[PDB]
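What the coordinates show
What follows is the residue order along each chain.
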Amino acid sequence: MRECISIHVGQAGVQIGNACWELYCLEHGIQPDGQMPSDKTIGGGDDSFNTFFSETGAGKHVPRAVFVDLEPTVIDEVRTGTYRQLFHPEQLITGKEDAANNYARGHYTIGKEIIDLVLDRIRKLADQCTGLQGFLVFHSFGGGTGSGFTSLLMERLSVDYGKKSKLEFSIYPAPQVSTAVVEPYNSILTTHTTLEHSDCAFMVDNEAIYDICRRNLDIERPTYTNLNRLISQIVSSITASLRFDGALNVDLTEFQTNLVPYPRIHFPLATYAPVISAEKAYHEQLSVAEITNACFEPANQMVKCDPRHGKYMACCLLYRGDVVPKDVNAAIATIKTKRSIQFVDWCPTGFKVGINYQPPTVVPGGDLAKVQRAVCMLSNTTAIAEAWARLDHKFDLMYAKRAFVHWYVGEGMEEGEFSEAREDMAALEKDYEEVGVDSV
Amino acid sequence: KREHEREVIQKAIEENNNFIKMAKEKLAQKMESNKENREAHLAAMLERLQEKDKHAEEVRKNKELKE
Amino acid sequence: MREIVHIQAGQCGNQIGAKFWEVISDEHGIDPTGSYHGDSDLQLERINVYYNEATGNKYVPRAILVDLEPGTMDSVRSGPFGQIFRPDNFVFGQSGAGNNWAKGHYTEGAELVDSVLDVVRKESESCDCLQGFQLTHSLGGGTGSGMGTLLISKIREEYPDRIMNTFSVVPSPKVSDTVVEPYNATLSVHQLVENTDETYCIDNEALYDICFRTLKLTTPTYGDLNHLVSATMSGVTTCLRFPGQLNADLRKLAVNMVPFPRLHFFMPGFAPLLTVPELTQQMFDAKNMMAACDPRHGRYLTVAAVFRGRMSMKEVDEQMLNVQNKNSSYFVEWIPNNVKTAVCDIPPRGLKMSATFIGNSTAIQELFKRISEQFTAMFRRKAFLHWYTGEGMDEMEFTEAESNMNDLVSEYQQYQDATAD
Ligand SMILES: Nc1nc2c(ncn2[C@@H]2O[C@H](COP(=O)(O)OP(=O)(O)OP(=O)(O)O)[C@@H](O)[C@H]2O)c(=O)[nH]1
Ligand SMILES: Nc1nc2c(ncn2[C@@H]2O[C@H](COP(=O)(O)OP(=O)(O)OP(=O)(O)O)[C@@H](O)[C@H]2O)c(=O)[nH]1
Ligand SMILES: CCOc1ccc(-c2cn(C)nc2-c2cc(OC)c(OC)c(OC)c2)cc1
Ligand SMILES: [Ca+2]
Ligand SMILES: [Mg+2]
Ligand SMILES: [Mg+2]
């Protein structure tokens, strides 16, 4: 038990789920039809991979997951594609008309027509569980479904499942990849209405994933497939602790004890290494010391900010592959002297370490080189408030003129909901400022 | 100490329940306030289109009643 | 969302509409009988948008052909793709409009409107998921100008939550010298500001000037103007018609292009009338606008750009950034990331690389100002009013249409003058 149900909402979520679940199957030796040759307990089992996969009596390993989108085009590619056999048809849910980059349509208008059906389908997965731990929610900040329907869902799950944990993987918008003019509005609106209901949320700046693919994989104009295949490795590093046996494996809830000092301060900075092309990795083995040092190079962050001009409240290192305690300890000692790591005066300055032995895999015909070891750092830095700042400014520029606000008011929202949300964001920026201040 | 042990777990339930209650209600307030607002918008839109028809009946009578 | 329902009203609407249907049928691999003779799966993937699937794999436009004058029914049917249209979708009147908006909107066209609506209701009901409507018409004539803006209004009553596009052909002396077109445009504009979600201002003065100056033609026909109008109409529907990695529906376009609900009058553009930096500089150049305005006389609230053909997408990203950087003053600072760019693999027939431009610029006031001047020339001496007041209208309605169009200008100016701090 300790089961974990994944919900993928809107295109971004759905497409990142395809990446994530493809990757999980390659990590656990699961085939596209769902069969696991290495699994000897037919029909059920109490294994670590069973946290993400249930088993049928026939031996099909089925993701504990739901895919929702308010229009069929993106989910229809799952329904006809390589892993169509992996999912039961009722895990894949669609409407006919999308939310049209409108939080109002995703949360209310189109959203209220399908919410009950979704919760009914989540509930059928929950009843397969003997000891449900919580939910992982994959969505974009920018989209109408990704913002609006997610918020609606998060509120409703808080009702049906009380305080049972809910983690987010949020895709923070950036103009390099597709963006719309109103994504700042949707971003602030969903971040406000979800903040009470999310226990921990890993933001992913598309610009950050864009720059990394360009710089490190030498990809000229990265596609969503490029970005999602990188993202899913970061998602896999965080969830690896839940899916694998391990002597030196720290569970993801134990890291969360350290990562969340107050409930609103639940936004960790993910940083991953190595991201390297097959061309460059040839005759080039990257040690524990090298990949650990890369975690403090801010060009490897999932979110663009500067931790060096902020303050740490937590530092966690999630190694996978050929790693042992000794080297990690040497590597951290090196870093402590040579690098710009200031903690707040109220937190202890240790680094919390976990290690999985199962080494990191890659998607066949991918861009990432196969490496022997890897690491995902999860830090709680005040610097991440910079992401809220950049987004809050864009919100303010349009809201000053009420630009596009009629599309939201047309679908039933009030102007009060914008200012209410924005003031919550103003408070959140002030909270991240207050925690950094020294005590008296 | 025994009565304090029960006072803590009762409080743990109380606030867990209270969070579900005020979430459940705050969501109901929004979905009702929204549906009222959305229909208020579509009722005013249709009332301006129904006012256009009554004007087009005054124009069609001013042709007939000017001969 | 997928299906659009097309409507062509009056003569202009039916001819530019006919051209549109020839061109997009060519691009989707459709012949005048209505059979898929193509090669790529991309041609069919979003065919439902503009076509119904009749038996025997027959592809039939979702178009509703309308006019108060017959003979336009014949010329459309005799024309290259006249066969492909559905026979009951023709809904034609008797005596015509004679360049009278009051006849089209209030009296004569008001009789025919119900049997037009029946064809709409029959087509709309058979859509899997109706997204919206598009009207091809002119604001200078009688039927398309008047009965078009009634159909807009009437379709809005039964489908108030669907998108309403128009390709409104704005009148010009240089092309057509009827004396009361300024009255008809100003009356139409009064309906369009209230009852549409987005209107493509296709301007005849821009079309004449491009035909004369750029395309070298000494005195151009309606065929030469419509080569352009078809290429423009081909460009802005490209994203709806083909896949790409953008989805593209009318709502998301409308949402992103229209910052305020009145200010929905786009300035289309096309290039060439070749390399990427040239293309990019060509489409933002004032000579390539299908409306008679200079982008350098206002600011861009929002812009959408569509490139077609094989080309470095890395080079297009770099180039569109370049023109925003170098021309930062001509976009509003208070709407971030307000120029979006899609690319379609499949180019149009004839060209290897085209580029199509849609801009909601405050410089559009220049067009409305031109129509207001030609209007107010006549109206302030009461000239030619008997045509209209004969058909039953008040003078009040000319003042309210004059006032509402001047409000639209004043509002485009308000936001041109708006600043960040
Ligand atoms: N990393 C990543 N970002 C994506 C992907 N697809 C969309 N996005 C981003 O998500 C935002 C747009 O939201 P989507 O998730 O596409 O929209 P949606 O949730 O389907 O909402 P509607 O289509 O409006 O109902 C933009 O910021 C895009 O850059 C993806 O596959 N990967
Ligand atoms: N660009 C372009 N403009 C046209 C075309 N045909 C007509 N026009 C313009 O349309 C305006 C007059 O409107 P029409 O569409 O001809 O008239 P109508 O709407 O059919 O109204 P009635 O003739 O009164 O029934 C004039 O300003 C013409 O320049 C065309 O093929 N291309
Ligand atoms: C300045 C803001 O402009 C935008 C932003 C986004 C979109 C859009 C979003 N989707 C999912 N699809 C479109 C889109 C874009 C187009 O051109 C770039 C289209 O061609 C006109 C289109 O067809 C309707 C949709 C649009 C504008
Ligand atoms: Ca088992
Ligand atoms: Mg979508
Ligand atoms: Mg005619």
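Residues numbered from 1 in each chain as written, not as in the entry; some residues may be left out. Chains lettered and ligands numbered in written order. Part of a larger assembly, values for the part shown. Heavy atoms only, no water. Residues with missing side-chain atoms left out of burial classes, pairs and counts.

Method-wise, the PDB entry is recorded as coming from X-ray crystallography, at a reported resolution of 3.18 Å.

1. Some words on the site of ligand 1
Around ligand 1 there are 24 residues in total, and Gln15, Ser140, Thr145, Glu183 and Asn228 of chain A lie nearest to it. The local environment of ligand 1 is shared, drawing residues from chains A and C. One of the backbone nitrogen or oxygen atoms of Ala99 of chain A is found 3.1 Å away from an oxygen atom of ligand 1. Here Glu183 of chain A contributes a side-chain N or O atom positioned 2.7 Å from an oxygen atom of ligand 1. Bound to the protein, ligand 1 loses 96% of the 650 Å² it would expose on its own. The set of elements that each furnish at least two residues to the shell around ligand 1 consists of α1 (10-27), α5 (144-160) and α8 (224-243) of chain A. (Near = heavy atom within 4 Å. Polar contact = N/O pair within 3.5 Å; in protein donor to acceptor, adjacent residues only side chain to side chain. Areas by Shrake-Rupley, 256 points an atom, 1.4 Å probe, with all protein chains shown as cover. Helix = DSSP H or I, 4+ residues; strand = E, 2+ residues; numbered from the N terminus.)

2. What to know about the coordination of the calcium ion (ligand 4)
All names here are of chain A. Ligation of the calcium ion (ligand 4) by protein atoms is provided by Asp39 (OD), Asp39 (OD), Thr41 (O), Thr41 (OG1), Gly44 (O) and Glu55 (OE), these donors lying 2.2 to 3.1 Å from the ion. Given six donor atoms and angles of 47 to 139° at the metal, the environment of the calcium ion (ligand 4) is assigned as irregular. In the primary sequence, the donor residues of the calcium ion (ligand 4) line up as D-x1-T-x2-G-x10-E. Residue classification places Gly44 among the partly exposed positions, given a relative accessible area of 29%. (Donors = N, O, S within 2.8 Å, 3.2 Å for Na, K, Ca; no water. Tetrahedral: all angles 85-135°; square planar, octahedral: opposite > 155°, others 65-115°. Buried < 20%, exposed > 50% of the residue type's maximum accessible area, 1.4 Å probe, protein only.)

3. What to know about the interface of chain C and chain B
In this assembly, 18 residues from chain C lie in contact with 15 residues from chain B. The junction of chain C with chain B conceals about 1,300 Å² of combined surface from both sides, 57% of it contributed by carbon and sulfur atoms. Linking chain C to chain B there are two salt bridges. Here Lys154 of chain C and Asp53 of chain B are joined by a salt bridge, their closest N and O atoms 2.8 Å apart. Scanning the region where chain C abuts chain B turns up five residue pairs in polar contact. Taken together, the elements giving at least two residues each to the side of chain C that touches chain B come down to α6 (143-158), α7 (181-195) and α14 (386-391) of chain C. Tallying contributions element by element places α6 of chain C first for the side of chain C that touches chain B, with four residues. (Contact = heavy atoms within 4.5 Å. Buried area = accessible area lost by both parts, 1.4 Å probe. Salt bridge = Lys/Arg side-chain N within 4 Å of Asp/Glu carboxyl O.)

4. Quick notes on the state of the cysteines
Going through the model one piece at a time under the given rule, you end up with zero disulfides over all chains. Left without a disulfide partner, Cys200 of chain A is nearest to the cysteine sulfur of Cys316 of chain A, which lies 9.9 Å away. In this structure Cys239 of chain C is a free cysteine whose sulfur lies 7.0 Å from that of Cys344 of chain C, the closest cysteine sulfur available. Take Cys239 of chain C: its relative accessible area is 17%, and that puts it in the buried class. (Disulfide = S-S within 2.5 Å.)

5. Here's the deal with the site of ligand 2
Residue and element names in this part refer to chain C. Close to ligand 2 lie 22 residues, the nearest being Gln11, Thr143, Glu181, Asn204 and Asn226. Between ligand 2 and the protein, one listed contact pairs an oxygen atom with a side-chain N or O atom of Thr143 at 2.7 Å. For ligand 2, an oxygen atom lies 3.0 Å from a polar atom in the backbone of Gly144. Within the complex, 93% of the 650 Å² of free accessible area of ligand 2 lies under protein. When residues of the shell around ligand 2 are traced back to their parent elements, those giving at least two are α1 (10-28), α6, α8 (204-214) and α9 (222-241). Its residues placed into classes, the shell around ligand 2 shows eight nonpolar, twelve polar and two charged. (Nonpolar A, V, L, I, M, F, W, Y, C, P; charged D, E, K, R; others polar.)

6. Considerations on the layout of surface pockets
Empty space within the second largest pocket amounts to approximately 1,200 Å³. Around the second largest pocket, the lining is made up of 43 residues, and of these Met45 and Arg48 of chain B together with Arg156, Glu194 and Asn195 of chain C lie nearest the centre. When contributions to the lining of the second largest pocket are tallied by element, the ones reaching two or more residues are α3 (103-109) and α14 (405-410) of chain A, α1 (2-64) of chain B together with α7 and α15 (396-417) of chain C. Examining the composition of the lining of the second largest pocket, we find that ten residues originate from one element, α1 of chain B, more than from any other. Taken together, the residues of the lining of the second largest pocket sort by class into 13 nonpolar, ten polar and 20 charged. (1 Å grid on protein atoms, 1.4 Å probe; cavity = no way out; pocket = protein on both sides within 12 Å on 5 of 7 lines; lining within 4 Å. Points joined across faces, edges and corners; volume = space filled by probe spheres on them.)

7. Details of the sheet that holds strand β6 (residues 134-140) of chain A
In sheet architecture, strand pairing relies on hydrogen bonds along the backbone and comes in two forms, parallel and antiparallel. Residues and elements named next belong to chain A. Spatially, six strands are ordered β5-β4-β1-β6-β7-β8 in an open sheet, and the strand pairing comes out parallel. Every other strand in the sheet has two partners, leaving β5 (92-94) and β8 (200-205) as the edge strands with one partner each. Going from strand to strand, the sheet's axes swing by 15° on average, the running direction of each strand aside. Across three bridges, strand β4 (residues 65-69) lies against β5 in parallel orientation. Bridge pairing in β5 links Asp69 to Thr94. Here helix α7 (residues 206-216) sits on the sheet in contact with β7 (165-172) and β8, set at roughly 50° to β8. (Pairing = 2+ DSSP bridges. Axes fitted to C-alpha atoms, helices over the stretch in contact; angles between N-to-C directions.)

8. Quick notes on the environment of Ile341 of chain A
Residues and elements named next belong to chain A. Counting through the fold element by element, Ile341 comes out in the loop between α12 (325-338) and β11 (352-356). Sequence-wise, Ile341 and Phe135 are 206 residues apart; in three dimensions their C-alpha atoms are separated by 32 Å. Excluding residues that lie within four positions of it along the chain, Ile341 makes contacts with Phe296, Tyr312, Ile335 and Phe351.

9. With respect to unusual backbone geometry
Residue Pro274 of chain A follows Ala273 of chain A across a cis peptide bond; omega there is 0°. Mapping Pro274 of chain A onto the fold places it in the loop between β9 (269-273) and α10 (278-281). Geometrically, the link from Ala271 of chain C to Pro272 of chain C is a cis peptide bond, its omega value of -5° lying close to zero. Of note, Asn99 of chain C is a non-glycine position whose phi angle comes to about 50°, a positive value. Here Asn99 of chain C lies in the loop between β5 (90-92) and α4 (101-105).

10. Some remarks on the pairing of strand β2 (residues 51-54) of chain C
Residue and element names in this part refer to chain C. In the sheet, β2 pairs with strand β3 (residues 58-61) via four bridges, with the strands oriented antiparallel. Each residue of the ladder has a partner; that of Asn52, found in β3, is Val60. The hairpin turn running from β2 into β3, its antiparallel successor, is three residues long, and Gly56 in that turn takes a positive phi close to 70°.

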